[PDB]
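Undergrad: Pasting in a structure now, in structure tokens, and then I'll have a few things to ask.
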Amino acid sequence: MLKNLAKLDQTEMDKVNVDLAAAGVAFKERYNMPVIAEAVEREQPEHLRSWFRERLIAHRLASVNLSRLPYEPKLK
């Protein structure tokens, strides 16, 4: 009548990709992780935030380490 397999769970396909990129460290300690990555996942992986909440990441973006958009003087 109005149904079909696959309700909605493809977003992971894009996450399963970046999943190899970062593990949720460089992104943002999140919980103030030490100079380790195996602890970032063992504790609380950032990605998991979207990899798990993918259902509706919402907000998005963070910037904790990278840090962009300085305070240039502009205008010579």
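Undergrad: Could you line up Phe52, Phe27 from fewest to most neighbouring Cβ atoms inside 10 Å? Could the numbers behind the result be given before it?
TA: Working: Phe52 12, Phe27 20.
Fewest-to-most ranking of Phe52, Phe27: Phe52, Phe27.
Undergrad: Mind sorting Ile57, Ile36 by how few other Cβ atoms lie within 10 Å of their own Cβ, fewest first?
TA: Numbers: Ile57 14, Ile36 11.
If I rank by nearby Cβ atoms, fewest first, I get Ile36, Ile57.
Undergrad: Fewest to most neighbouring Cβ within 10 Å: what's the order for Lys15, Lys74?
TA: Numbers: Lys15 17, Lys74 5.
By the 10 Å Cβ count, ascending, the order reads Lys74, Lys15.
Undergrad: Could you tell me how many degrees, from 0 to 90 and to the nearest 10, lie between the Cα long axis of helix 11-21 and the main elongation axis, the longest principal axis, of the Cα atoms of the chain?
TA: For helix 11-21, the angle is close to 40 degrees.
Undergrad: Could you pull the Rg and Dmax for the chain, using just the Cα atoms, both in Å?
TA: 17.1, 66
All Cβ positions, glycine included, derive from the backbone under ideal geometry; neighbour counts span all protein chains shown. Any read-out appearing in this document is the output of simple, stated calculations on the displayed coordinates, not a laboratory observation.
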